[PDB]
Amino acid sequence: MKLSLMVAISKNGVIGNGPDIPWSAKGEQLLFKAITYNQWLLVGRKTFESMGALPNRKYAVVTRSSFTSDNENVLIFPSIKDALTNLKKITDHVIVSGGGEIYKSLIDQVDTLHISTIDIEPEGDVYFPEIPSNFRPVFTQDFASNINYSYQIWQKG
């Protein structure tokens, strides 16, 4: 199983402010929609409560509580380890989709990074790990919008 990771990071390193992403960069969400279409997303419970079960995605949610969901495209796991060993039974690719705790726990295990750098300096309290030294950028594209953003794909080597 291959692991990807997808995140939008602001210019000062903030990715979240409580339960919210503290910007709206028109167009950037299209990258997320395209890369996650019909994919398995591994998400922390807090991010799942904020985003909800959006259509055409499948979710592996990790929680240490009795948090549940009755949605047929959402699976609840008591640990990241159980999520990953179970996902390997069904799929060859999982996309780590946040939030801060899940990115920190999985960055050293992922194979491909999708990073959108957002030209804003917002307030917040959720951050992103340093990119491990064995990653190299392989594709980059800039976008002008209401808030500019740049998309970069990194591969582990």
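Residue positions are given as counts along the sequence shown, with the first one as 1.
- Per the PDB record, of the two stretches 128 to 136 and 114 to 122, 128 to 136 carries the greater mean B-factor over its C-alpha atoms.
- When the C-alpha B-factors of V94, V61, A53, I35 are ranked from the entry, the top spot goes to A53.
- Ranked by Cα temperature factor within the chain, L31 sits in the lowest third according to the deposited record.
- Among the modelled residues of its chain, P22 has a C-alpha B-factor that falls in the middle third according to the deposited record.
- Annotation for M1: CA B-factor lies in the highest third of the chain's modelled residues.
- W40: CA B factor lies in the lowest third for its chain, per the PDB record.
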